[PDB]
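In the authors' numbering, the protein residues as written are 54 to 76, 81 to 246. Ideal placement from N, C-alpha and C gives every residue a C-beta, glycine not left out. The structure appears right after this line, and notes come after that.
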Amino acid sequence: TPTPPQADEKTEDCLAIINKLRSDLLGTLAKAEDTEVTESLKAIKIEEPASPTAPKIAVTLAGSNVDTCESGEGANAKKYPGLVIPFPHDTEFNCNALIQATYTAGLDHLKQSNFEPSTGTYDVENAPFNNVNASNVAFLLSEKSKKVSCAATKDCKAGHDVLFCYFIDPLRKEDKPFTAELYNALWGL
């Protein structure tokens, strides 16, 4: 019977880079506590793993065997809405580097997309938000985001560890992730 990977809370390691990227069109985010994440998930009918939190979801996404973490590389937000970044088991965790890289790649993917802010909705199964980086940028830059809880698996012996950040309130299918004003400002940068 396999031993699962373990996850550490990473909110304090990640909140500086998240709030740097959001910054007067977006509010800063505060830390979400576990209770808040569990209740936010319960409101969108997500109750497994029991009393779900960012650490428990990072583990769920990486896999149930620390010897393989065989699902980490393919992890995404198709079920658990939030930022998802797999990283190799043999690398040092750097939240600044990981989130900056998803931001640059995801904003490039959106710019390359026929996505328009007036018509474009969030759908993790269709372009452009079926790209995990583009999905990650939608959560990072969401006007619905007020709080965040981040966690990462720390001890995968193979495969990819996973960073997961849960935003309250989550983007959901058919939300318009950006106003025209914010989307125009992202081109300005």
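Beta-bridge pairing by DSSP links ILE103 to no other residue. Taking 8 Å as the cut-off, the Cβ atoms of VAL141 and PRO57 do not count as close. Distance from the CA atom of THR161 to the CA atom of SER206, rounded to whole angstroms, is 21 Å. Taking 8 Å as the cut-off, the Cβ atoms of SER202 and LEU86 count as close. Buried is the label assigned to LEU197, since at least 16 other Cβ atoms lie within 10 Å of its Cβ.
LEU220 places its beta carbon less than 8 Å from that of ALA209.
For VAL205, the uninterrupted beta strand (DSSP E) run begins and ends at 204 to 210, by DSSP.
The C-beta distance from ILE70 to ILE156 rounds to 5 Å, short enough to fall under 8 Å. With a cutoff of 8 Å on beta-carbon distance, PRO143 and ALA195 are scored as not near each other. Contact check for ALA215 and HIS146: beta-carbon distance about 6 Å, within the 8 Å limit, so the pair qualifies. Our two residues, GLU104 and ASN171, have alpha carbons roughly 35 Å apart in a direct line. A direct Cα-Cα distance of roughly 35 Å separates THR178 from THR148.
In this structure, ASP165 is the residue among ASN241, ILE114, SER199 and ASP165 with its C-alpha nearest to the C-alpha of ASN188. Remark: C-beta atoms of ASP180 and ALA119 do not approach each other more closely than 8 Å.
Closest option to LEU98, judged by alpha-carbon separation, among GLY129, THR117, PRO138 and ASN190: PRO138.
Within 10 angstroms of the beta-carbon of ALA115 lie 16 or more other beta-carbons, which makes it buried. CA-to-CA, the gap between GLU65 and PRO174 works out to about 31 Å. Here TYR240 has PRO174 as same chain residues with Cβ atoms under 7 Å from its own Cβ, once five neighbours each way along the sequence are excluded.
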